[PDB]
Amino acid sequence: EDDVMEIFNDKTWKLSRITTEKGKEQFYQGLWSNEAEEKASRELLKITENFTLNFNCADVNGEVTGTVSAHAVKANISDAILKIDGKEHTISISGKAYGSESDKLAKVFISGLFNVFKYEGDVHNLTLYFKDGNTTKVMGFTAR
Amino acid sequence: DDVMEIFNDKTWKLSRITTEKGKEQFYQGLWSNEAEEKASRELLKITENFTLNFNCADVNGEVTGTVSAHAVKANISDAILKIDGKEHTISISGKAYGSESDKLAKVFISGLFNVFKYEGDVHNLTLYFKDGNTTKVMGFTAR
């Protein structure tokens, strides 16, 4: 079960891609409507603190629990309820984001995190599988 | 905030087991003779003996903060932890694996399941526990 606690081990997961289940492209087709929208999202993605994900342990209700926190651009996920199983490689994030997003990449990032169902990863990489309607997409992350 | 520093990549090493406001390292009557105390102090010099660790673990599909400890021959593995940073309370529940013959090891294991409150900083941790009608303290250090 050390594979699960390596996800919490003093690291911030930075978004690197949002694509289809077995796609080689960085972003799935139709995420943006034009080049200017994509360009503006890519500039927001270059900012260090934007599109981050953190697995932390916190003292909630007189007991320490593992939760998920994330920051897109203007919206935050703070101490979302986490279910994670190292044997079955399943994951579930429950709660609601604080703040609203105008950027399409930020909207996809926040919605996708609450729809995660399974994952895979190592020390430096994390892949989260999420359902987007009838499809299955993946959010890729990196940790320095 | 202060609570998660107790879990921050550190092992707590036992330094003393004494009375609530006592200056002595070990309370009077812990051992019956000089040879018993000497033998316990040699077991206490071993790095891996009388250690305490606050860790996060995936227990039944969810990550929880737990307590682990090693005395000499006995272990406490992922004991259920209740801890409150505001009121500085603490509770450790479960049972140790293995039996102890050493009196310091018996006191260490029993005392950990009877903790009720604490205080500490980056390098020091003090756990208050009830021993019958009395209140004793276990002191720890982290390098």
# chains A, B, ... in the order shown; residues from 1 in each chain; ligands from 1
call {"tool": "closest_atom_pairs", "arguments": {"of": "chain B", "to": "chain A", "cutoff": "6 Å", "atoms": "only C-alpha atoms", "output": "JSON lines"}}
result
{"residue": "B:61", "atom": "CA", "partner": "A:85", "partner_atom": "CA", "distance": 4.7}
{"residue": "B:62", "atom": "CA", "partner": "A:83", "partner_atom": "CA", "distance": 4.8}
{"residue": "B:63", "atom": "CA", "partner": "A:66", "partner_atom": "CA", "distance": 4.7}
{"residue": "B:64", "atom": "CA", "partner": "A:65", "partner_atom": "CA", "distance": 4.5}
{"residue": "B:65", "atom": "CA", "partner": "A:64", "partner_atom": "CA", "distance": 4.7}
{"residue": "B:82", "atom": "CA", "partner": "A:63", "partner_atom": "CA", "distance": 4.8}
{"residue": "B:83", "atom": "CA", "partner": "A:62", "partner_atom": "CA", "distance": 5.4}
{"residue": "B:84", "atom": "CA", "partner": "A:62", "partner_atom": "CA", "distance": 4.7}
call {"tool": "select_by_dssp", "arguments": {"residues": "chain A", "states": "helix (DSSP H, G or I)", "output": "tab-separated table (two decimals) with N, CA, C and O atoms, in the first residue's frame"}}
result
chain	number	residue	atom	x	y	z
A	2	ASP	N	2.21	1.19	-0.16
A	2	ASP	CA	3.10	2.36	-0.21
A	2	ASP	C	2.92	3.13	-1.54
A	2	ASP	O	3.27	4.30	-1.60
A	3	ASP	N	2.37	2.47	-2.59
A	3	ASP	CA	2.10	3.13	-3.87
A	3	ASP	C	1.10	4.27	-3.67
A	3	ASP	O	1.24	5.32	-4.29
A	4	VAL	N	0.09	4.06	-2.79
A	4	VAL	CA	-0.93	5.06	-2.47
A	4	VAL	C	-0.32	6.22	-1.68
A	4	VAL	O	-0.62	7.36	-1.98
A	5	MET	N	0.53	5.92	-0.67
A	5	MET	CA	1.07	7.01	0.14
A	5	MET	C	2.19	7.75	-0.58
A	5	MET	O	2.53	8.85	-0.15
A	6	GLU	N	2.69	7.24	-1.73
A	6	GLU	CA	3.66	8.00	-2.53
A	6	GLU	C	2.94	9.15	-3.26
A	6	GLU	O	3.59	10.12	-3.64
A	7	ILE	N	1.59	9.08	-3.40
A	7	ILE	CA	0.78	10.14	-4.01
A	7	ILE	C	0.66	11.34	-3.03
A	7	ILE	O	0.58	12.48	-3.47
A	8	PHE	N	0.69	11.07	-1.70
A	8	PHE	CA	0.62	12.08	-0.63
A	8	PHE	C	2.01	12.60	-0.19
A	8	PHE	O	2.07	13.58	0.56
A	35	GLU	N	-8.32	28.84	-31.94
A	35	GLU	CA	-6.91	28.95	-31.51
A	35	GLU	C	-6.72	29.95	-30.34
A	35	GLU	O	-5.91	29.67	-29.45
A	36	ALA	N	-7.43	31.09	-30.33
A	36	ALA	CA	-7.27	32.11	-29.28
A	36	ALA	C	-7.68	31.57	-27.91
A	36	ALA	O	-6.99	31.85	-26.92
A	37	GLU	N	-8.77	30.79	-27.84
A	37	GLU	CA	-9.20	30.17	-26.58
A	37	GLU	C	-8.12	29.22	-26.06
A	37	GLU	O	-7.78	29.26	-24.88
A	38	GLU	N	-7.59	28.35	-26.94
A	38	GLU	CA	-6.54	27.39	-26.57
A	38	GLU	C	-5.28	28.12	-26.11
A	38	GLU	O	-4.69	27.73	-25.10
A	39	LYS	N	-4.86	29.16	-26.85
A	39	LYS	CA	-3.68	29.98	-26.53
A	39	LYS	C	-3.81	30.58	-25.13
A	39	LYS	O	-2.88	30.47	-24.33
A	40	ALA	N	-4.98	31.19	-24.82
A	40	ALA	CA	-5.25	31.82	-23.52
A	40	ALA	C	-5.23	30.78	-22.37
A	40	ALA	O	-4.75	31.08	-21.28
A	41	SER	N	-5.72	29.55	-22.63
A	41	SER	CA	-5.68	28.47	-21.64
A	41	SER	C	-4.25	28.01	-21.39
A	41	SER	O	-3.89	27.74	-20.25
A	42	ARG	N	-3.45	27.91	-22.46
A	42	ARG	CA	-2.06	27.48	-22.35
A	42	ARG	C	-1.22	28.50	-21.59
A	42	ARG	O	-0.29	28.09	-20.90
A	43	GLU	N	-1.57	29.80	-21.64
A	43	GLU	CA	-0.87	30.83	-20.88
A	43	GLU	C	-1.23	30.71	-19.40
A	43	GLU	O	-0.35	30.84	-18.55
A	44	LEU	N	-2.50	30.40	-19.09
A	44	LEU	CA	-2.94	30.18	-17.70
A	44	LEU	C	-2.30	28.90	-17.15
A	44	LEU	O	-1.99	28.85	-15.96
A	45	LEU	N	-2.08	27.88	-18.01
A	45	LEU	CA	-1.45	26.62	-17.61
A	45	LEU	C	0.04	26.80	-17.29
A	45	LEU	O	0.56	26.03	-16.49
A	46	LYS	N	0.73	27.79	-17.91
A	46	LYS	CA	2.16	28.06	-17.62
A	46	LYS	C	2.36	28.60	-16.18
A	46	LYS	O	3.47	28.47	-15.65
A	104	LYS	N	-12.30	27.42	-20.46
A	104	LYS	CA	-12.77	26.07	-20.80
A	104	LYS	C	-11.88	24.97	-20.23
A	104	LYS	O	-12.42	23.94	-19.81
A	105	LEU	N	-10.55	25.15	-20.20
A	105	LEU	CA	-9.66	24.13	-19.61
A	105	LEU	C	-9.92	24.01	-18.11
A	105	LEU	O	-9.95	22.90	-17.58
A	106	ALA	N	-10.14	25.15	-17.43
A	106	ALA	CA	-10.44	25.18	-15.99
A	106	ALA	C	-11.79	24.51	-15.68
A	106	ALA	O	-11.91	23.80	-14.68
A	107	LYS	N	-12.81	24.72	-16.55
A	107	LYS	CA	-14.12	24.08	-16.36
A	107	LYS	C	-14.01	22.56	-16.49
A	107	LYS	O	-14.60	21.83	-15.69
A	108	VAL	N	-13.25	22.08	-17.50
A	108	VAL	CA	-13.03	20.66	-17.75
A	108	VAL	C	-12.24	20.03	-16.57
A	108	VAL	O	-12.56	18.93	-16.14
A	109	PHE	N	-11.21	20.73	-16.08
A	109	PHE	CA	-10.38	20.27	-14.97
A	109	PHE	C	-11.21	20.04	-13.69
A	109	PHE	O	-11.14	18.96	-13.11
A	110	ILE	N	-12.02	21.04	-13.30
A	110	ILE	CA	-12.84	20.98	-12.08
A	110	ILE	C	-13.92	19.90	-12.21
A	110	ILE	O	-14.08	19.11	-11.28
A	111	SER	N	-14.66	19.86	-13.33
A	111	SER	CA	-15.71	18.84	-13.53
A	111	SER	C	-15.13	17.43	-13.56
A	111	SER	O	-15.73	16.52	-13.00
A	112	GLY	N	-14.02	17.26	-14.26
A	112	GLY	CA	-13.36	15.97	-14.41
A	112	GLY	C	-12.88	15.38	-13.10
A	112	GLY	O	-12.97	14.16	-12.92
A	113	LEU	N	-12.39	16.22	-12.17
A	113	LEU	CA	-11.90	15.73	-10.87
A	113	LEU	C	-13.01	15.10	-10.04
A	113	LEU	O	-12.76	14.06	-9.43
A	114	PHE	N	-14.23	15.65	-10.07
A	114	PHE	CA	-15.33	15.05	-9.31
A	114	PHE	C	-15.91	13.80	-9.98
A	114	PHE	O	-16.70	13.10	-9.35
call {"tool": "select_by_dssp", "arguments": {"residues": "region 4-86 of chain A", "states": "strand (DSSP E or B)", "output": "ChimeraX atom specification"}}
result
/A:13-20,27,52-59,64-71,76-85
call {"tool": "closest_residue", "arguments": {"among": "A:19, A:100, A:12, A:69", "to": "residue 127 (chain A)", "atoms": "only C-alpha atoms"}}
result
A:19
call {"tool": "residues_around", "arguments": {"residues": "residue 90 (chain B)", "least_positions_apart": "6", "cutoff": "12 Å", "atoms": "only C-alpha atoms", "output": "PDB file with N, CA, C and O atoms, in the first residue's frame"}}
result
ATOM      1  N   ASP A  59      -6.475  17.306   9.968  1.00  0.00           N
ATOM      2  CA  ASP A  59      -7.217  17.009  11.190  1.00  0.00           C
ATOM      3  C   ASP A  59      -8.663  17.528  11.041  1.00  0.00           C
ATOM      4  O   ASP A  59      -8.952  18.683  11.354  1.00  0.00           O
ATOM      5  N   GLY A  62     -11.675  16.070  14.814  1.00  0.00           N
ATOM      6  CA  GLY A  62     -10.903  15.357  15.831  1.00  0.00           C
ATOM      7  C   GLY A  62     -10.241  14.063  15.380  1.00  0.00           C
ATOM      8  O   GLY A  62      -9.988  13.182  16.199  1.00  0.00           O
ATOM      9  N   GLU A  63      -9.953  13.927  14.085  1.00  0.00           N
ATOM     10  CA  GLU A  63      -9.287  12.741  13.550  1.00  0.00           C
ATOM     11  C   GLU A  63      -8.611  13.117  12.241  1.00  0.00           C
ATOM     12  O   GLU A  63      -9.107  13.992  11.543  1.00  0.00           O
ATOM     13  N   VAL A  64      -7.474  12.491  11.927  1.00  0.00           N
ATOM     14  CA  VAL A  64      -6.706  12.804  10.725  1.00  0.00           C
ATOM     15  C   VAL A  64      -7.212  11.954   9.552  1.00  0.00           C
ATOM     16  O   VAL A  64      -7.277  10.729   9.659  1.00  0.00           O
TER      17      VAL A  64
ATOM     18  N   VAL B   3      -0.663  19.896  14.406  1.00  0.00           N
ATOM     19  CA  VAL B   3      -0.870  18.442  14.426  1.00  0.00           C
ATOM     20  C   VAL B   3      -0.096  17.751  13.308  1.00  0.00           C
ATOM     21  O   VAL B   3       0.574  16.762  13.581  1.00  0.00           O
ATOM     22  N   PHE B  54       3.703   8.614  13.680  1.00  0.00           N
ATOM     23  CA  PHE B  54       2.381   9.072  13.269  1.00  0.00           C
ATOM     24  C   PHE B  54       2.395   9.037  11.759  1.00  0.00           C
ATOM     25  O   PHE B  54       3.192   9.751  11.153  1.00  0.00           O
ATOM     26  N   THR B  66      -2.858   7.277  11.502  1.00  0.00           N
ATOM     27  CA  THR B  66      -2.759   6.208  12.501  1.00  0.00           C
ATOM     28  C   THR B  66      -1.473   6.328  13.296  1.00  0.00           C
ATOM     29  O   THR B  66      -0.615   7.148  12.965  1.00  0.00           O
ATOM     30  N   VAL B  67      -1.343   5.506  14.341  1.00  0.00           N
ATOM     31  CA  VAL B  67      -0.150   5.447  15.187  1.00  0.00           C
ATOM     32  C   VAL B  67       0.469   4.071  15.084  1.00  0.00           C
ATOM     33  O   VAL B  67      -0.231   3.061  15.170  1.00  0.00           O
ATOM     34  N   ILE B  80      -5.845   2.891  15.837  1.00  0.00           N
ATOM     35  CA  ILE B  80      -6.824   3.932  15.525  1.00  0.00           C
ATOM     36  C   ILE B  80      -6.482   5.166  16.351  1.00  0.00           C
ATOM     37  O   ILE B  80      -6.363   5.070  17.569  1.00  0.00           O
ATOM     38  N   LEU B  81      -6.309   6.313  15.681  1.00  0.00           N
ATOM     39  CA  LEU B  81      -5.919   7.564  16.317  1.00  0.00           C
ATOM     40  C   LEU B  81      -7.030   8.608  16.269  1.00  0.00           C
ATOM     41  O   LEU B  81      -7.645   8.826  15.228  1.00  0.00           O
ATOM     42  N   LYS B  82      -7.242   9.276  17.408  1.00  0.00           N
ATOM     43  CA  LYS B  82      -8.108  10.447  17.570  1.00  0.00           C
ATOM     44  C   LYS B  82      -7.173  11.520  18.081  1.00  0.00           C
ATOM     45  O   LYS B  82      -6.419  11.255  19.019  1.00  0.00           O
ATOM     46  N   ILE B  83      -7.117  12.666  17.422  1.00  0.00           N
ATOM     47  CA  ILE B  83      -6.224  13.732  17.858  1.00  0.00           C
ATOM     48  C   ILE B  83      -6.894  15.056  17.546  1.00  0.00           C
ATOM     49  O   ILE B  83      -7.554  15.183  16.517  1.00  0.00           O
ATOM     50  N   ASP B  84      -6.805  16.005  18.473  1.00  0.00           N
ATOM     51  CA  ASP B  84      -7.439  17.308  18.322  1.00  0.00           C
ATOM     52  C   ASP B  84      -6.409  18.390  18.607  1.00  0.00           C
ATOM     53  O   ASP B  84      -5.982  18.545  19.746  1.00  0.00           O
ATOM     54  N   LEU B 112       0.878   3.860  26.045  1.00  0.00           N
ATOM     55  CA  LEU B 112       0.443   4.409  24.756  1.00  0.00           C
ATOM     56  C   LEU B 112      -1.054   4.236  24.538  1.00  0.00           C
ATOM     57  O   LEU B 112      -1.684   5.171  24.061  1.00  0.00           O
ATOM     58  N   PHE B 113      -1.644   3.109  24.956  1.00  0.00           N
ATOM     59  CA  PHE B 113      -3.091   2.915  24.796  1.00  0.00           C
ATOM     60  C   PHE B 113      -3.909   3.696  25.837  1.00  0.00           C
ATOM     61  O   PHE B 113      -5.127   3.769  25.690  1.00  0.00           O
ATOM     62  N   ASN B 114      -3.260   4.269  26.877  1.00  0.00           N
ATOM     63  CA  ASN B 114      -3.918   5.059  27.914  1.00  0.00           C
ATOM     64  C   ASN B 114      -3.641   6.563  27.762  1.00  0.00           C
ATOM     65  O   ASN B 114      -3.957   7.308  28.690  1.00  0.00           O
ATOM     66  N   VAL B 115      -3.086   7.028  26.619  1.00  0.00           N
ATOM     67  CA  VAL B 115      -2.871   8.472  26.427  1.00  0.00           C
ATOM     68  C   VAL B 115      -4.227   9.184  26.355  1.00  0.00           C
ATOM     69  O   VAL B 115      -5.195   8.595  25.877  1.00  0.00           O
ATOM     70  N   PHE B 116      -4.303  10.416  26.872  1.00  0.00           N
ATOM     71  CA  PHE B 116      -5.533  11.220  26.822  1.00  0.00           C
ATOM     72  C   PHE B 116      -5.274  12.659  26.311  1.00  0.00           C
ATOM     73  O   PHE B 116      -6.194  13.244  25.733  1.00  0.00           O
ATOM     74  N   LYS B 117      -4.060  13.229  26.513  1.00  0.00           N
ATOM     75  CA  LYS B 117      -3.718  14.569  26.019  1.00  0.00           C
ATOM     76  C   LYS B 117      -2.219  14.652  25.734  1.00  0.00           C
ATOM     77  O   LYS B 117      -1.474  13.737  26.089  1.00  0.00           O
ATOM     78  N   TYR B 118      -1.788  15.730  25.061  1.00  0.00           N
ATOM     79  CA  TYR B 118      -0.383  15.900  24.693  1.00  0.00           C
ATOM     80  C   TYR B 118       0.019  17.360  24.553  1.00  0.00           C
ATOM     81  O   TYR B 118      -0.810  18.259  24.582  1.00  0.00           O
ATOM     82  N   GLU B 119       1.311  17.564  24.335  1.00  0.00           N
ATOM     83  CA  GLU B 119       1.903  18.847  24.001  1.00  0.00           C
ATOM     84  C   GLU B 119       3.223  18.558  23.278  1.00  0.00           C
ATOM     85  O   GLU B 119       3.803  17.485  23.458  1.00  0.00           O
ATOM     86  N   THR B 126       5.309  15.287  24.192  1.00  0.00           N
ATOM     87  CA  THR B 126       4.983  14.821  25.533  1.00  0.00           C
ATOM     88  C   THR B 126       3.577  14.261  25.504  1.00  0.00           C
ATOM     89  O   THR B 126       2.654  14.985  25.142  1.00  0.00           O
ATOM     90  N   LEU B 127       3.409  12.978  25.875  1.00  0.00           N
ATOM     91  CA  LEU B 127       2.103  12.325  25.921  1.00  0.00           C
ATOM     92  C   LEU B 127       1.712  12.064  27.365  1.00  0.00           C
ATOM     93  O   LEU B 127       2.470  11.433  28.107  1.00  0.00           O
ATOM     94  N   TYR B 128       0.524  12.532  27.756  1.00  0.00           N
ATOM     95  CA  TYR B 128      -0.015  12.331  29.090  1.00  0.00           C
ATOM     96  C   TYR B 128      -0.878  11.096  29.060  1.00  0.00           C
ATOM     97  O   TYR B 128      -1.723  10.984  28.172  1.00  0.00           O
ATOM     98  N   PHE B 129      -0.686  10.174  30.016  1.00  0.00           N
ATOM     99  CA  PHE B 129      -1.472   8.946  30.073  1.00  0.00           C
ATOM    100  C   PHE B 129      -1.866   8.632  31.498  1.00  0.00           C
ATOM    101  O   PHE B 129      -1.167   9.033  32.425  1.00  0.00           O
TER     102      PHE B 129
END
call {"tool": "residues_around", "arguments": {"residues": "residue 1 (chain B)", "least_positions_apart": "3", "cutoff": "8 Å", "atoms": "only C-alpha atoms", "output": "MDAnalysis selection string"}}
result
chainID B and resid 4:5 85
call {"tool": "write_last_selection", "arguments": {"atoms": "N, CA and C atoms", "output": "PDB file, in the first residue's frame"}}
result
ATOM      1  N   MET B   4      -0.177  18.270  12.070  1.00  0.00           N
ATOM      2  CA  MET B   4       0.482  17.598  10.947  1.00  0.00           C
ATOM      3  C   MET B   4       2.017  17.673  11.032  1.00  0.00           C
ATOM      4  N   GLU B   5       2.602  18.532  11.904  1.00  0.00           N
ATOM      5  CA  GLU B   5       4.059  18.536  12.097  1.00  0.00           C
ATOM      6  C   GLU B   5       4.504  17.281  12.884  1.00  0.00           C
ATOM      7  N   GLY B  85      -5.994  19.096  17.562  1.00  0.00           N
ATOM      8  CA  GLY B  85      -5.016  20.170  17.660  1.00  0.00           C
ATOM      9  C   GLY B  85      -5.456  21.366  18.476  1.00  0.00           C
TER      10      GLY B  85
END
call {"tool": "closest_residue", "arguments": {"among": "B:8, B:40, B:60, B:19", "to": "residue 134 (chain B)", "atoms": "only C-alpha atoms"}}
result
B:19
call {"tool": "residues_around", "arguments": {"residues": "region 70-78 of chain B", "least_positions_apart": "4", "cutoff": "9 Å", "atoms": "only C-alpha atoms", "output": "list in words"}}
result
residues 43, 44, 48, 49, 50, 51, 52, 53, 54, 55, 56, 57, 59, 65, 66, 94, 95, 96, 97, 98, 99, 100, 101, 102, 104, 105, 106, 108 and 109 of chain B
call {"tool": "write_last_selection", "arguments": {"atoms": "C-alpha atoms", "output": "mmCIF file, in the first residue's frame"}}
result
data_model
loop_
_atom_site.group_PDB
_atom_site.id
_atom_site.type_symbol
_atom_site.label_atom_id
_atom_site.label_comp_id
_atom_site.auth_asym_id
_atom_site.auth_seq_id
_atom_site.Cartn_x
_atom_site.Cartn_y
_atom_site.Cartn_z
ATOM 1 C CA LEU B 43 17.624 -1.949 25.165
ATOM 2 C CA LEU B 44 16.758 1.811 25.052
ATOM 3 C CA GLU B 48 14.912 0.946 16.484
ATOM 4 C CA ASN B 49 13.639 0.271 20.091
ATOM 5 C CA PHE B 50 11.016 2.456 21.868
ATOM 6 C CA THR B 51 10.013 4.372 18.701
ATOM 7 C CA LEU B 52 6.673 6.047 17.822
ATOM 8 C CA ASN B 53 5.429 7.053 14.339
ATOM 9 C CA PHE B 54 2.381 9.072 13.269
ATOM 10 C CA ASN B 55 1.630 7.990 9.683
ATOM 11 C CA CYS B 56 -1.115 8.155 7.058
ATOM 12 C CA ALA B 57 -2.324 4.806 5.677
ATOM 13 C CA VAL B 59 -7.254 1.588 5.684
ATOM 14 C CA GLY B 65 -3.950 9.036 10.208
ATOM 15 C CA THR B 66 -2.759 6.208 12.501
ATOM 16 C CA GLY B 94 -6.069 -1.185 19.534
ATOM 17 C CA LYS B 95 -3.823 -3.983 20.789
ATOM 18 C CA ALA B 96 -0.099 -4.685 20.596
ATOM 19 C CA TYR B 97 1.292 -7.627 18.581
ATOM 20 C CA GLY B 98 3.718 -9.726 20.626
ATOM 21 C CA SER B 99 4.468 -9.933 24.356
ATOM 22 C CA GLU B 100 7.056 -8.022 26.440
ATOM 23 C CA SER B 101 9.271 -9.290 29.298
ATOM 24 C CA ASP B 102 11.157 -5.968 29.887
ATOM 25 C CA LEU B 104 10.203 -0.463 30.460
ATOM 26 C CA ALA B 105 8.707 -2.105 27.314
ATOM 27 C CA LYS B 106 5.562 -3.191 29.272
ATOM 28 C CA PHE B 108 5.697 1.897 27.138
ATOM 29 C CA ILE B 109 3.082 -0.327 25.379
#
call {"tool": "atom_distance", "arguments": {"atom1": "CA of residue 96 (chain A)", "atom2": "CA of residue 133 (chain A)"}}
result
18.4 Å
call {"tool": "decode", "arguments": {"residues": "region 103-129 of chain A", "atoms": "N, CA and C atoms", "output": "PDB file, in the first residue's frame"}}
result
ATOM      1  N   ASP A 103     -12.669  30.006 -18.050  1.00  0.00           N
ATOM      2  CA  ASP A 103     -11.766  29.300 -18.960  1.00  0.00           C
ATOM      3  C   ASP A 103     -12.236  27.859 -19.188  1.00  0.00           C
ATOM      4  N   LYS A 104     -12.301  27.416 -20.458  1.00  0.00           N
ATOM      5  CA  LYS A 104     -12.772  26.067 -20.797  1.00  0.00           C
ATOM      6  C   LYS A 104     -11.880  24.967 -20.225  1.00  0.00           C
ATOM      7  N   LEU A 105     -10.545  25.151 -20.197  1.00  0.00           N
ATOM      8  CA  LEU A 105      -9.660  24.134 -19.608  1.00  0.00           C
ATOM      9  C   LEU A 105      -9.923  24.012 -18.107  1.00  0.00           C
ATOM     10  N   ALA A 106     -10.142  25.150 -17.427  1.00  0.00           N
ATOM     11  CA  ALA A 106     -10.437  25.177 -15.986  1.00  0.00           C
ATOM     12  C   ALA A 106     -11.793  24.515 -15.677  1.00  0.00           C
ATOM     13  N   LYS A 107     -12.806  24.716 -16.545  1.00  0.00           N
ATOM     14  CA  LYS A 107     -14.121  24.079 -16.365  1.00  0.00           C
ATOM     15  C   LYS A 107     -14.010  22.557 -16.486  1.00  0.00           C
ATOM     16  N   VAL A 108     -13.255  22.083 -17.498  1.00  0.00           N
ATOM     17  CA  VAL A 108     -13.030  20.657 -17.746  1.00  0.00           C
ATOM     18  C   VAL A 108     -12.242  20.032 -16.573  1.00  0.00           C
ATOM     19  N   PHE A 109     -11.210  20.730 -16.084  1.00  0.00           N
ATOM     20  CA  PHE A 109     -10.378  20.267 -14.968  1.00  0.00           C
ATOM     21  C   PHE A 109     -11.209  20.043 -13.695  1.00  0.00           C
ATOM     22  N   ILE A 110     -12.015  21.042 -13.303  1.00  0.00           N
ATOM     23  CA  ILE A 110     -12.837  20.977 -12.085  1.00  0.00           C
ATOM     24  C   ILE A 110     -13.922  19.898 -12.207  1.00  0.00           C
ATOM     25  N   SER A 111     -14.665  19.858 -13.330  1.00  0.00           N
ATOM     26  CA  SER A 111     -15.707  18.835 -13.526  1.00  0.00           C
ATOM     27  C   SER A 111     -15.135  17.427 -13.557  1.00  0.00           C
ATOM     28  N   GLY A 112     -14.019  17.261 -14.256  1.00  0.00           N
ATOM     29  CA  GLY A 112     -13.363  15.973 -14.406  1.00  0.00           C
ATOM     30  C   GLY A 112     -12.885  15.376 -13.102  1.00  0.00           C
ATOM     31  N   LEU A 113     -12.393  16.216 -12.171  1.00  0.00           N
ATOM     32  CA  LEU A 113     -11.900  15.728 -10.875  1.00  0.00           C
ATOM     33  C   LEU A 113     -13.007  15.096 -10.043  1.00  0.00           C
ATOM     34  N   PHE A 114     -14.229  15.645 -10.070  1.00  0.00           N
ATOM     35  CA  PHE A 114     -15.333  15.052  -9.307  1.00  0.00           C
ATOM     36  C   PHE A 114     -15.908  13.797  -9.985  1.00  0.00           C
ATOM     37  N   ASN A 115     -15.524  13.507 -11.254  1.00  0.00           N
ATOM     38  CA  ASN A 115     -15.977  12.336 -11.992  1.00  0.00           C
ATOM     39  C   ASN A 115     -14.884  11.266 -12.110  1.00  0.00           C
ATOM     40  N   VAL A 116     -13.768  11.361 -11.350  1.00  0.00           N
ATOM     41  CA  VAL A 116     -12.736  10.313 -11.401  1.00  0.00           C
ATOM     42  C   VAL A 116     -13.308   9.005 -10.841  1.00  0.00           C
ATOM     43  N   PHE A 117     -12.883   7.862 -11.395  1.00  0.00           N
ATOM     44  CA  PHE A 117     -13.320   6.542 -10.917  1.00  0.00           C
ATOM     45  C   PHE A 117     -12.132   5.577 -10.700  1.00  0.00           C
ATOM     46  N   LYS A 118     -11.006   5.727 -11.438  1.00  0.00           N
ATOM     47  CA  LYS A 118      -9.818   4.880 -11.259  1.00  0.00           C
ATOM     48  C   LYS A 118      -8.560   5.665 -11.630  1.00  0.00           C
ATOM     49  N   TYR A 119      -7.382   5.114 -11.303  1.00  0.00           N
ATOM     50  CA  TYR A 119      -6.115   5.788 -11.570  1.00  0.00           C
ATOM     51  C   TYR A 119      -4.957   4.816 -11.750  1.00  0.00           C
ATOM     52  N   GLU A 120      -3.812   5.379 -12.113  1.00  0.00           N
ATOM     53  CA  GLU A 120      -2.535   4.686 -12.178  1.00  0.00           C
ATOM     54  C   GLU A 120      -1.444   5.752 -12.042  1.00  0.00           C
ATOM     55  N   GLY A 121      -0.295   5.364 -11.514  1.00  0.00           N
ATOM     56  CA  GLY A 121       0.798   6.304 -11.323  1.00  0.00           C
ATOM     57  C   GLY A 121       2.034   5.734 -10.665  1.00  0.00           C
ATOM     58  N   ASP A 122       3.099   6.542 -10.673  1.00  0.00           N
ATOM     59  CA  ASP A 122       4.384   6.213 -10.072  1.00  0.00           C
ATOM     60  C   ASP A 122       4.852   7.445  -9.257  1.00  0.00           C
ATOM     61  N   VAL A 123       6.153   7.551  -8.951  1.00  0.00           N
ATOM     62  CA  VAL A 123       6.701   8.639  -8.133  1.00  0.00           C
ATOM     63  C   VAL A 123       6.489  10.002  -8.807  1.00  0.00           C
ATOM     64  N   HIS A 124       6.708  10.094 -10.122  1.00  0.00           N
ATOM     65  CA  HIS A 124       6.638  11.363 -10.851  1.00  0.00           C
ATOM     66  C   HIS A 124       5.397  11.538 -11.726  1.00  0.00           C
ATOM     67  N   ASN A 125       4.619  10.476 -12.019  1.00  0.00           N
ATOM     68  CA  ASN A 125       3.443  10.594 -12.890  1.00  0.00           C
ATOM     69  C   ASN A 125       2.175  10.069 -12.222  1.00  0.00           C
ATOM     70  N   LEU A 126       1.036  10.710 -12.529  1.00  0.00           N
ATOM     71  CA  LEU A 126      -0.287  10.321 -12.033  1.00  0.00           C
ATOM     72  C   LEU A 126      -1.294  10.487 -13.158  1.00  0.00           C
ATOM     73  N   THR A 127      -2.083   9.437 -13.418  1.00  0.00           N
ATOM     74  CA  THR A 127      -3.110   9.435 -14.451  1.00  0.00           C
ATOM     75  C   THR A 127      -4.440   9.146 -13.790  1.00  0.00           C
ATOM     76  N   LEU A 128      -5.419  10.059 -13.932  1.00  0.00           N
ATOM     77  CA  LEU A 128      -6.756   9.889 -13.371  1.00  0.00           C
ATOM     78  C   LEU A 128      -7.758   9.665 -14.490  1.00  0.00           C
ATOM     79  N   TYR A 129      -8.522   8.575 -14.397  1.00  0.00           N
ATOM     80  CA  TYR A 129      -9.554   8.238 -15.364  1.00  0.00           C
ATOM     81  C   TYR A 129     -10.858   8.798 -14.860  1.00  0.00           C
TER      82      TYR A 129
END
